[PDB]
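Visitor: Please read through the structure below; I'll follow up with questions.
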Amino acid sequence: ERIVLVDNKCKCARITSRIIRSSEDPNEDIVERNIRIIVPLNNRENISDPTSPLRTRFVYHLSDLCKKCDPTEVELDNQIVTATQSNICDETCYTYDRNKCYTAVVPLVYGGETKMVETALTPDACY
Amino acid sequence: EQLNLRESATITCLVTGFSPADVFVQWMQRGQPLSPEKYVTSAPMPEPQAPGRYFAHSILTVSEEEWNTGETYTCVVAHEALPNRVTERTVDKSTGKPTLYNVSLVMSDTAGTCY
Amino acid sequence: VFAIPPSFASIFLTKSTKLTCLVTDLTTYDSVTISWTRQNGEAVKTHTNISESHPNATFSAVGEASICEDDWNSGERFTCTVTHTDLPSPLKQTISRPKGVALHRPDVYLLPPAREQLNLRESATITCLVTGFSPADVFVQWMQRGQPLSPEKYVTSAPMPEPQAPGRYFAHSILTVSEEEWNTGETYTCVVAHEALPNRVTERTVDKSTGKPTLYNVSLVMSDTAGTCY
Ligand SMILES: *[C@@H]1O[C@H](CO)[C@@H](O[C@@H]2O[C@H](CO)[C@@H](O)[C@H](O)[C@H]2NC(C)=O)[C@H](O)[C@H]1NC(C)=O
Ligand SMILES: *[C@@H]1O[C@H](CO)[C@@H](O)[C@H](O)[C@H]1NC(C)=O
Ligand SMILES: *[C@@H]1O[C@H](CO)[C@@H](O)[C@H](O)[C@H]1NC(C)=O
Ligand SMILES: [Ca+2]
C-alpha cells in the first residue's frame with residue numbers, strides 16, 4: 001500500500017506515502033512519509049563530466065522533487081484540455097539514471113590523431 | 001477540528017491572485033465531474049493587500065468517511081491568464097500534511113546509478 | 001626481422017592497418033628490399049617507407065602494407081617477403097589476427113597510490129588495472145584533467161595471462177606523478193582501447209578525494225521537507 005509519490009531516479013530520492021491504519025478511530029491514522037534517498041559517495045558534481053570534482057554537498061529541495069510539470073488531461077463537459085498540476089516550475093542529477101546512458105568524450109591520441117571517442121560512463125546502460 | 005466531528009469534511013479550493021474577475025472552478029473525483037450541489041464556489045472578491053487581484057473560494061462538502069479513506073478530490077480551475085487555461089490541484093489524505101516523516105538517507109559508496 | 005602485427009590501436013585510432021616487419025640487429029647491407037605477401041599466391045602491398053642507416057654500423061628498415069581492415073580480420077597467414085641476397089632466407093615472418101580468441105571486455109580499475117608512498121612524499125603512483133581481456137591487445141592511455149599525458153610518463157605492461165581465467169589476459173598500466181600533484185585534486189583518467197569494448201573506450205578517474213580517501217565531507221541538506229509535496 002506504499003503509493004509511489006515520486007520515483008525520482010536522477011537524485012535517487014523515492015518518496016512514498018501511506019495511511020497507517022493504526023487505531024480504530026479513523027482520525028489518528030498517521031499520514032506517513034517515506035523519503036528514501038541514496039547518496040552517491042563517489043559521484044562527481046557533474047556526472048557527465050568524469051573529471052569534475054567530488055560532490056560533497058548534497059542538497060535536496062523536496063518541493064523540487066515533488067513537482068509534477070507534466071500537464072494532464074481533464075474531461076470537462078464539452079472539452080478535453082491539458083491541465084497544469086503545479087505552480088512551481090515554468091537539474092543537478094547527483095546520481096546516474098539506470099534508463100539513461102551517459103557518455104563522455106575523451107581525447108585519444110596515437111600519432112597525434114586526437115580521435116575524440118565517446119566512452120560509456122555507465123556501462124550496462126546502453127551496452 | 002472538522003474531522004473530529006466525523007460528520008462532514010469541507011475541502012477549500014483557494015483560487016487567489018487572479019486579476020481578471022471571472023473564474024470557473026469545478027471539482028472532480030477520479031476524473032468524473034462532481035455534481036454542482038456538492039460544492040459551492042464564492043463570487044470573486046478583491047484580495048485585501050493586492051490592488052486589483054481577486055480571490056475566490058470553493059468549498060466541497062464531502063462526508064468524512066470519504067476523506068479518511070484517502071479519496072482524491074481534484075480542483076479544476078479555468079482562467080484566462082493560465083498558460084494551458086486550466087489548473088488541476090488534487091488533494092487526499094495520503095498526500096496531505098504528514099504526521100510521521102521517516103527518512104532514510106542511505107549513504108552508499110557504490111550507488112552510482114539509481115536502481 | 002621482427003614480426004610486429006598492427007594492434008587494434010592502429011586500426012581504430014589511425015583508421016589504417018600498417019603491417020610492419022622491422023629488421024633487427026641487421027649488420028649494414030646495401031640495397032635492402034622489402035616486399036609483402038599472403039599465405040596464398042596473392043600479394044598484399046609492398047613497402048613504401050625506407051629508413052636511414054643506423055650509426056652503429058647497422059641498417060634499419062621498416063616494411064609496410066596498407067591493407068584494409070576486413071582482410072586483416074580474414075585470418076590468412078600473411079608473410080613479409082624480404083628480398084635479401086646476403087641472407088638467402090626471405091625471412092617471411094607471419095603475422096595475422098587470430099580468429100580463435102573469443103572476445104572478453106577489459107574492465108579498468110584505478111587503484112590510488114598507497115599511503116605508504118604518499119607519506120614518503122617523493123612521487124605518487126596511480127596504476128590502471130586492466131583485467132580480463134582475451135585479444136591481448138589493449139592500448140591504455142593516460143590523461144590529466146581532461147588533457148592527455150605524454151606517452152613516456154606512464155608505462156603500460158605487456159599483457160599476461162590472468163591467474164584464474166586462462167583465456168583472459170590482464171595488463172598493468174602504471175603512471176608516476178609528483179606528490180603535490182595528487183594532493184591538489186587534478187583527476188587522472190585512465191582510458192583503454194580494446195576490441196571487445198562497446199564504444200571501444202572505457203574511462204575511469206581518481207583524485208585525492210575519490211581513490212581511497214581519509215575523509216568523507218558529505219553535507220546533506222534536506223531542505224523544505226515539511227513544505228509542499230503532492
Ligand atoms: C557537464 O559535463 C558535460 C560534458 O563535459 C558538459 O557538456 C559539454 O559542455 C561544453 C561546454 O558547455 C560544450 O561545449 C559541449 O558541447 C558539451 N557536451 C555535451 C555532450 O553536452 C556540460 O556542460 C557539463 N555541465 C556542467 C553544469 O558543468
Ligand atoms: C518507513 O517505515 C516503514 C514501516 O512502516 C518501513 O517499511 C520503511 O522502510 C520506512 N521508510 C524508509 C525510507 O526506510
Ligand atoms: C566540506 O563541505 C563544505 C560545504 O560547504 C565546505 O565548505 C568545506 O570546505 C568542505 N571541506 C572539505 C575538507 O572538503
Ligand atoms: Ca532509456
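Ordering of the C-alpha cells sets the chain letters (A, B, ...); residue numbers start at 1 within each chain; ligands are numbered from 1 in the order shown.
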So which residues touch residue 103 of chain B within 6 Å, counting only C-alpha atoms, skipping near sequence neighbours fewer than 6 positions away, as a ChimeraX atom specification?
Guide: /A:34-36
Visitor: Could you tell me, counting only C-alpha atoms and all ligand atoms, which protein and nucleic acid residues lie no more than 10 Å from ligand 4, written as an mmCIF file with N, CA and C atoms, in the first residue's frame?
Guide:
```
data_model
loop_
_atom_site.group_PDB
_atom_site.id
_atom_site.type_symbol
_atom_site.label_atom_id
_atom_site.label_comp_id
_atom_site.auth_asym_id
_atom_site.auth_seq_id
_atom_site.Cartn_x
_atom_site.Cartn_y
_atom_site.Cartn_z
ATOM 1 N N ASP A 97 21.156 7.757 -13.956
ATOM 2 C CA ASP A 97 19.869 7.105 -14.029
ATOM 3 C C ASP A 97 20.128 5.793 -14.713
ATOM 4 N N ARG A 98 19.390 4.760 -14.359
ATOM 5 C CA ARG A 98 19.574 3.437 -14.947
ATOM 6 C C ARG A 98 19.100 3.406 -16.390
ATOM 7 N N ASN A 99 17.971 4.058 -16.672
ATOM 8 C CA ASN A 99 17.401 4.011 -18.011
ATOM 9 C C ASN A 99 18.196 4.877 -18.977
ATOM 10 N N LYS A 100 18.881 5.893 -18.464
ATOM 11 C CA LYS A 100 19.619 6.834 -19.294
ATOM 12 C C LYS A 100 21.090 6.458 -19.290
ATOM 13 N N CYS A 101 21.695 6.406 -20.468
ATOM 14 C CA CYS A 101 23.116 6.108 -20.552
ATOM 15 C C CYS A 101 23.863 7.403 -20.840
ATOM 16 N N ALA A 125 24.231 0.195 -19.434
ATOM 17 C CA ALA A 125 23.119 1.133 -19.521
ATOM 18 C C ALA A 125 22.624 1.326 -20.944
ATOM 19 N N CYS A 126 23.528 1.558 -21.899
ATOM 20 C CA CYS A 126 23.224 1.330 -23.305
ATOM 21 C C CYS A 126 24.203 0.351 -23.937
#
```
Visitor: Contacts from chain B to chain A, 7 Å maximum, only C-alpha atoms: show me the residue list as number ranges by chain.
Guide: B: 3-4, 31, 68, 84, 86-89, 94-95, 98-115
Visitor: Select, from A:58, A:6, A:49, A:78, the residue with the minimum atom-to-atom distance to ligand 3, counting only C-alpha atoms and all ligand atoms.
Guide: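 Closest residue, counting only C-alpha atoms and all ligand atoms: A:58.
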Visitor: Could you list the residues in chain C lying within 9 Å of chain B, using only C-alpha atoms, and format the result as a list in words?
Guide: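 Every residue meeting the condition is included here: residues 220, 225, 226, 227, 228, 229 and 230 of chain C.
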Visitor: In Å, rounded to a single decimal, give me how far atom CA of residue 12 of chain C is from atom CA of residue 198 of chain C.
Guide: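 That distance, rounded to one decimal, is 13.0 Å.
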Visitor: Return as JSON lines the residues of chain C lying at most 10 Å from chain A, together with the closest atom-to-atom pair for each and the distance in Å to one decimal, counting only C-alpha atoms, with rows in chain order and ascending residue number.
Guide:
```
{"residue": "C:9", "atom": "CA", "partner": "A:110", "partner_atom": "CA", "distance": 7.4}
{"residue": "C:10", "atom": "CA", "partner": "A:110", "partner_atom": "CA", "distance": 7.6}
{"residue": "C:12", "atom": "CA", "partner": "A:115", "partner_atom": "CA", "distance": 9.1}
{"residue": "C:13", "atom": "CA", "partner": "A:115", "partner_atom": "CA", "distance": 6.2}
{"residue": "C:14", "atom": "CA", "partner": "A:113", "partner_atom": "CA", "distance": 6.9}
{"residue": "C:15", "atom": "CA", "partner": "A:113", "partner_atom": "CA", "distance": 9.8}
{"residue": "C:139", "atom": "CA", "partner": "A:110", "partner_atom": "CA", "distance": 9.2}
{"residue": "C:140", "atom": "CA", "partner": "A:108", "partner_atom": "CA", "distance": 9.9}
{"residue": "C:141", "atom": "CA", "partner": "A:108", "partner_atom": "CA", "distance": 7.4}
{"residue": "C:142", "atom": "CA", "partner": "A:108", "partner_atom": "CA", "distance": 9.0}
{"residue": "C:143", "atom": "CA", "partner": "A:107", "partner_atom": "CA", "distance": 8.5}
{"residue": "C:144", "atom": "CA", "partner": "A:51", "partner_atom": "CA", "distance": 8.5}
{"residue": "C:145", "atom": "CA", "partner": "A:51", "partner_atom": "CA", "distance": 5.7}
{"residue": "C:146", "atom": "CA", "partner": "A:51", "partner_atom": "CA", "distance": 6.4}
{"residue": "C:147", "atom": "CA", "partner": "A:107", "partner_atom": "CA", "distance": 7.4}
{"residue": "C:148", "atom": "CA", "partner": "A:107", "partner_atom": "CA", "distance": 6.7}
{"residue": "C:149", "atom": "CA", "partner": "A:109", "partner_atom": "CA", "distance": 9.6}
{"residue": "C:150", "atom": "CA", "partner": "A:109", "partner_atom": "CA", "distance": 9.9}
{"residue": "C:151", "atom": "CA", "partner": "A:110", "partner_atom": "CA", "distance": 9.2}
{"residue": "C:185", "atom": "CA", "partner": "A:53", "partner_atom": "CA", "distance": 7.7}
{"residue": "C:186", "atom": "CA", "partner": "A:51", "partner_atom": "CA", "distance": 8.2}
{"residue": "C:187", "atom": "CA", "partner": "A:51", "partner_atom": "CA", "distance": 5.7}
{"residue": "C:188", "atom": "CA", "partner": "A:51", "partner_atom": "CA", "distance": 7.7}
{"residue": "C:189", "atom": "CA", "partner": "A:51", "partner_atom": "CA", "distance": 7.5}
{"residue": "C:191", "atom": "CA", "partner": "A:106", "partner_atom": "CA", "distance": 8.0}
{"residue": "C:192", "atom": "CA", "partner": "A:108", "partner_atom": "CA", "distance": 9.2}
{"residue": "C:193", "atom": "CA", "partner": "A:108", "partner_atom": "CA", "distance": 8.8}
{"residue": "C:197", "atom": "CA", "partner": "A:127", "partner_atom": "CA", "distance": 9.2}
{"residue": "C:198", "atom": "CA", "partner": "A:127", "partner_atom": "CA", "distance": 6.4}
{"residue": "C:199", "atom": "CA", "partner": "A:119", "partner_atom": "CA", "distance": 6.1}
{"residue": "C:200", "atom": "CA", "partner": "A:119", "partner_atom": "CA", "distance": 7.8}
{"residue": "C:201", "atom": "CA", "partner": "A:119", "partner_atom": "CA", "distance": 5.3}
{"residue": "C:202", "atom": "CA", "partner": "A:119", "partner_atom": "CA", "distance": 5.5}
{"residue": "C:203", "atom": "CA", "partner": "A:119", "partner_atom": "CA", "distance": 6.5}
{"residue": "C:204", "atom": "CA", "partner": "A:50", "partner_atom": "CA", "distance": 7.8}
{"residue": "C:205", "atom": "CA", "partner": "A:50", "partner_atom": "CA", "distance": 6.7}
{"residue": "C:206", "atom": "CA", "partner": "A:51", "partner_atom": "CA", "distance": 8.6}
{"residue": "C:207", "atom": "CA", "partner": "A:53", "partner_atom": "CA", "distance": 8.4}
{"residue": "C:208", "atom": "CA", "partner": "A:54", "partner_atom": "CA", "distance": 9.4}
{"residue": "C:209", "atom": "CA", "partner": "A:54", "partner_atom": "CA", "distance": 6.5}
{"residue": "C:210", "atom": "CA", "partner": "A:42", "partner_atom": "CA", "distance": 6.1}
{"residue": "C:211", "atom": "CA", "partner": "A:42", "partner_atom": "CA", "distance": 8.9}
{"residue": "C:216", "atom": "CA", "partner": "A:56", "partner_atom": "CA", "distance": 7.8}
{"residue": "C:217", "atom": "CA", "partner": "A:56", "partner_atom": "CA", "distance": 5.7}
{"residue": "C:218", "atom": "CA", "partner": "A:56", "partner_atom": "CA", "distance": 4.8}
{"residue": "C:219", "atom": "CA", "partner": "A:57", "partner_atom": "CA", "distance": 4.6}
{"residue": "C:220", "atom": "CA", "partner": "A:58", "partner_atom": "CA", "distance": 4.8}
{"residue": "C:221", "atom": "CA", "partner": "A:59", "partner_atom": "CA", "distance": 4.3}
{"residue": "C:222", "atom": "CA", "partner": "A:60", "partner_atom": "CA", "distance": 5.0}
{"residue": "C:223", "atom": "CA", "partner": "A:61", "partner_atom": "CA", "distance": 5.0}
{"residue": "C:224", "atom": "CA", "partner": "A:62", "partner_atom": "CA", "distance": 5.8}
{"residue": "C:225", "atom": "CA", "partner": "A:62", "partner_atom": "CA", "distance": 5.4}
{"residue": "C:226", "atom": "CA", "partner": "A:62", "partner_atom": "CA", "distance": 8.6}
{"residue": "C:227", "atom": "CA", "partner": "A:63", "partner_atom": "CA", "distance": 6.8}
{"residue": "C:228", "atom": "CA", "partner": "A:63", "partner_atom": "CA", "distance": 5.7}
{"residue": "C:229", "atom": "CA", "partner": "A:66", "partner_atom": "CA", "distance": 5.2}
{"residue": "C:230", "atom": "CA", "partner": "A:66", "partner_atom": "CA", "distance": 6.4}
```
Visitor: Using only C-alpha atoms, which protein or nucleic acid residues come within 12 Å of residue 11 of chain B? Drop anything in the same chain fewer than 2 positions from it, and give the result as a PyMOL selection string.
Guide: chain B and resi 2-3+8-9+13-14+27+38-41+57-64+66-67+71-75+89-93+96
Visitor: Could you write out that same residue set with N, CA, C and O atoms as a short mmCIF file (atom, residue, chain, number, x, y, z; two decimals), in the first residue's frame?
Guide:
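So out.cif came out as:
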```cif
data_model
loop_
_atom_site.label_atom_id
_atom_site.label_comp_id
_atom_site.auth_asym_id
_atom_site.auth_seq_id
_atom_site.Cartn_x
_atom_site.Cartn_y
_atom_site.Cartn_z
N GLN B 2 -12.41 19.63 12.16
CA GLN B 2 -13.63 19.23 11.47
C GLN B 2 -13.76 17.72 11.35
O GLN B 2 -14.88 17.19 11.42
N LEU B 3 -12.65 17.01 11.18
CA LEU B 3 -12.74 15.56 11.04
C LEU B 3 -13.02 14.88 12.37
O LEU B 3 -13.45 13.72 12.39
N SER B 8 -18.86 15.75 8.42
CA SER B 8 -18.62 16.21 7.06
C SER B 8 -17.23 16.83 6.99
O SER B 8 -16.69 17.29 8.00
N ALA B 9 -16.67 16.83 5.79
CA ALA B 9 -15.36 17.41 5.52
C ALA B 9 -15.51 18.47 4.45
O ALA B 9 -16.12 18.21 3.40
N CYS B 13 -10.85 25.10 -2.04
CA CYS B 13 -10.01 25.46 -3.18
C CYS B 13 -9.78 26.96 -3.12
O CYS B 13 -10.70 27.74 -3.33
N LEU B 14 -8.55 27.34 -2.82
CA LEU B 14 -8.19 28.75 -2.65
C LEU B 14 -7.63 29.28 -3.96
O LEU B 14 -6.41 29.34 -4.16
N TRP B 27 -14.99 20.82 -9.31
CA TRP B 27 -14.35 19.74 -8.59
C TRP B 27 -14.56 18.44 -9.36
O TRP B 27 -15.64 18.21 -9.89
N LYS B 38 -22.71 19.46 -4.79
CA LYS B 38 -21.74 19.01 -3.80
C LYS B 38 -20.84 20.15 -3.34
O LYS B 38 -20.46 20.21 -2.17
N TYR B 39 -20.50 21.06 -4.24
CA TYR B 39 -19.58 22.15 -3.94
C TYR B 39 -20.27 23.48 -4.18
O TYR B 39 -21.18 23.58 -5.01
N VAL B 40 -19.83 24.50 -3.46
CA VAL B 40 -20.31 25.86 -3.64
C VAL B 40 -19.12 26.81 -3.70
O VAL B 40 -18.23 26.77 -2.84
N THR B 41 -19.06 27.60 -4.76
CA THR B 41 -17.94 28.49 -5.02
C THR B 41 -18.42 29.93 -4.88
O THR B 41 -19.53 30.26 -5.29
N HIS B 57 -13.17 31.26 -3.35
CA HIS B 57 -13.18 30.01 -2.61
C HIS B 57 -13.96 28.98 -3.39
O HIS B 57 -14.72 29.32 -4.30
N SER B 58 -13.78 27.72 -3.03
CA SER B 58 -14.69 26.66 -3.45
C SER B 58 -14.69 25.61 -2.36
O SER B 58 -13.69 24.93 -2.14
N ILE B 59 -15.82 25.48 -1.68
CA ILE B 59 -15.94 24.60 -0.53
C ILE B 59 -16.69 23.35 -0.97
O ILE B 59 -17.87 23.43 -1.33
N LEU B 60 -16.01 22.21 -0.95
CA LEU B 60 -16.61 20.94 -1.32
C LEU B 60 -16.96 20.21 -0.03
O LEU B 60 -16.07 19.88 0.75
N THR B 61 -18.24 19.94 0.17
CA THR B 61 -18.70 19.33 1.41
C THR B 61 -18.86 17.84 1.19
O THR B 61 -19.89 17.38 0.69
N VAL B 62 -17.84 17.08 1.56
CA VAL B 62 -17.87 15.63 1.45
C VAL B 62 -18.01 15.04 2.84
O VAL B 62 -17.68 15.67 3.85
N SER B 63 -18.51 13.81 2.89
CA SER B 63 -18.59 13.09 4.14
C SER B 63 -17.20 12.68 4.60
O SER B 63 -16.28 12.54 3.79
N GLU B 64 -17.06 12.50 5.91
CA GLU B 64 -15.74 12.27 6.50
C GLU B 64 -15.19 10.90 6.14
O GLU B 64 -13.97 10.72 6.07
N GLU B 66 -15.35 9.45 3.33
CA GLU B 66 -14.70 9.52 2.03
C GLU B 66 -13.30 10.09 2.16
O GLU B 66 -12.36 9.60 1.52
N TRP B 67 -13.13 11.13 2.98
CA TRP B 67 -11.83 11.79 3.05
C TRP B 67 -10.85 10.98 3.88
O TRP B 67 -9.64 10.99 3.60
N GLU B 71 -9.54 9.53 -0.63
CA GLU B 71 -10.09 9.73 -1.97
C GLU B 71 -9.61 11.05 -2.54
O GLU B 71 -9.70 12.09 -1.88
N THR B 72 -9.11 11.01 -3.77
CA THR B 72 -8.54 12.19 -4.40
C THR B 72 -9.65 13.10 -4.89
O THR B 72 -10.44 12.71 -5.75
N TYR B 73 -9.70 14.31 -4.35
CA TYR B 73 -10.62 15.35 -4.80
C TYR B 73 -9.82 16.39 -5.56
O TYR B 73 -8.97 17.06 -4.97
N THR B 74 -10.09 16.52 -6.85
CA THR B 74 -9.31 17.39 -7.70
C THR B 74 -10.06 18.69 -7.95
O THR B 74 -11.26 18.67 -8.23
N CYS B 75 -9.36 19.81 -7.84
CA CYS B 75 -9.94 21.12 -8.10
C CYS B 75 -9.49 21.60 -9.47
O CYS B 75 -8.34 21.99 -9.65
N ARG B 89 -5.45 21.12 -9.19
CA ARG B 89 -4.90 20.72 -7.91
C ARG B 89 -5.69 19.54 -7.39
O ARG B 89 -6.92 19.55 -7.46
N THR B 90 -5.00 18.53 -6.88
CA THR B 90 -5.64 17.37 -6.27
C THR B 90 -5.20 17.27 -4.82
O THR B 90 -4.04 17.57 -4.49
N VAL B 91 -6.11 16.85 -3.94
CA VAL B 91 -5.78 16.62 -2.54
C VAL B 91 -6.47 15.34 -2.08
O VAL B 91 -7.51 14.95 -2.62
N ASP B 92 -5.85 14.70 -1.08
CA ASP B 92 -6.38 13.49 -0.49
C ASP B 92 -5.62 13.29 0.82
O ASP B 92 -4.71 14.05 1.11
N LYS B 93 -5.95 12.29 1.61
CA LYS B 93 -5.34 12.13 2.92
C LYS B 93 -3.88 11.70 2.83
O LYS B 93 -3.07 12.09 3.67
N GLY B 96 -1.58 15.10 1.79
CA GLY B 96 -1.90 15.88 2.99
C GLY B 96 -0.80 16.70 3.63
O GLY B 96 0.01 17.33 2.95
#
```
Visitor: DSSP on the backbone: what in chain B comes out strand (DSSP E or B), as a VMD selection string?
Guide: chain B and resid 9 to 12 15 to 18 24 to 29 32 to 33 39 to 41 45 to 46 54 to 56 58 to 62 73 to 78 86 to 91 100 to 108 113
Visitor: Can you work out the spacing between atom CA of residue 135 of chain C and atom CA of residue 110 of chain C in Å, to one decimal?
Guide: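 Computing the Euclidean distance for atom CA of residue 135 of chain C and atom CA of residue 110 of chain C yields 21.3 Å.
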Visitor: What gap, in Å, lies between atom CA of residue 112 of chain C and atom CA of residue 133 of chain C?
Guide: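 Spanning atom CA of residue 112 of chain C to atom CA of residue 133 of chain C is a straight-line distance of 21.9 Å.
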Visitor: Need the shell around residue 43 of chain B: protein/DNA/RNA residues with any atom at most 12 Å away, counting only C-alpha atoms. Skip same-chain ones fewer than 2 positions apart. Format as a list in words?
Guide: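 My reading of the contact set: residues 15, 16, 21, 22, 23, 24, 25, 40, 41, 45, 46, 54, 55, 56, 57 and 58 of chain B.
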Visitor: Using the chain letters and numbers from this document, which residues of segment 154-223 of chain C does DSSP assign to helix (DSSP H, G or I), as a ChimeraX atom specification?
Guide: /C:179-183
Visitor: Export, as a compact mmCIF listing (two decimals), in the first residue's frame, the selected residues with C-alpha atoms.
Guide:
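As written to disk, result25.txt reads:
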```
# COMPACT_ATOMS: atom_id res chain seq x y z
CA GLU C 179 53.21 14.06 -4.74
CA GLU C 180 51.87 17.62 -4.66
CA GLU C 181 50.08 17.00 -7.96
CA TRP C 182 47.98 14.25 -6.36
CA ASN C 183 47.11 16.24 -3.24
```
